[PDB]
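For reference, the chain that follows is the form deposited in one PDB entry, supplied as structure tokens.
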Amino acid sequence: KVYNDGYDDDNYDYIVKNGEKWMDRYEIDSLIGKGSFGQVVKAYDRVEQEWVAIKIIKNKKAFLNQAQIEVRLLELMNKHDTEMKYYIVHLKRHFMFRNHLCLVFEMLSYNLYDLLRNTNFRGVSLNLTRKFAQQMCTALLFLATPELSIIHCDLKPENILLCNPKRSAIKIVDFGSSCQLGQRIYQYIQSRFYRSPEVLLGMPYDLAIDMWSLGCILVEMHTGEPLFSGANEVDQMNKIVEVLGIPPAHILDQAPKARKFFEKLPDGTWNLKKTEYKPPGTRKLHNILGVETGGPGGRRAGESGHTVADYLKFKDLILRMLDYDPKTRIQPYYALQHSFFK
């Protein structure tokens, strides 16, 4: 009939009303986002005199506990990321308000998907992509801090916001799926398009799964379309094999879900199970980026900083991020030393 004395709807969300004033501080403007966790609203903090994004967690134990995990990680990064120099969204504050946990973040701009949609999904320049690549590798280096060792676990263009629509700075948001390194508890993780092979294959994983997501994300930012846009896990792996080929046998010989996608023939080698797709490794990233044809779709012909030399340095870094072996995959410190950033 009525939930939380009328403050919540039937699925535990707080009914947001534009113009409401919380605790004589926050002036709720409008709803800017929704999710399984709850809602995100645009509000004006009057003590600090600034716009803020408030994350109102649903009035439900499951989502309340998931948010305290998120708060513990965010505050743990504030102890290390003083002055906010590592491109992580800053948690300012949190409080309870009418049985909902509220998290106050800095008011950020559009996400990288919004930006891509406004190119009609054909990408931004390689010079801007380099600016995002350097900032993302730097944030991943921060999460790699030994005392942190944080896996974001859901990197994707929507989880990366611009600070100011007039500036090329980006921030990583939404650490509700995030966990610190440790013994394996979850296996169905990451967004599918950006899910690493060790996750698809049911193998142990570490912080290197975020480096895989980045490689897919960076290519997507320049071409406009997801690199591996699988409609399911079988389709996903098949689109990975198109570009990178069959994974190594010493990995597949260990993968618990190897046979969900592959088959071992009598001769001891692995091949794709029949389900369409190009032969393994013939959708070359060289051609996807259009290294020698003027970029994706030839749309970058004649633009400065889009030479074959530049594309070859971008391709090399990406291929280091899309390494099948998570122990060989490039690490943030090394990625930042790459020639693509000189």
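If you superpose the two forms and keep the largest set of C-alpha atoms that fall within 1.5 Å, you have the rigid core. Residue numbers here begin at 1 and follow the sequence given.
What comes next is about the form deposited in another entry, which is not displayed.
With a cut-off of 2 Å and the rigid core superposed, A231 has a Cα displacement that falls short of the cut-off between the shown form and the other one. In this overlay on the rigid core, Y324 has a C-alpha that sits less than 2 Å away from its partner position between the shown form and the other one. Once both forms are overlaid on the rigid core, the distance between the two CA positions of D81 between the shown form and the other one is 2 angstroms or more.
Cα of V41 to Cα of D81: at least 3 Å longer in the other form than in the shown structure.
Put simply, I172 and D81 spread apart in the other form: their C-alpha atoms are 3 Å or more farther than in the form shown.
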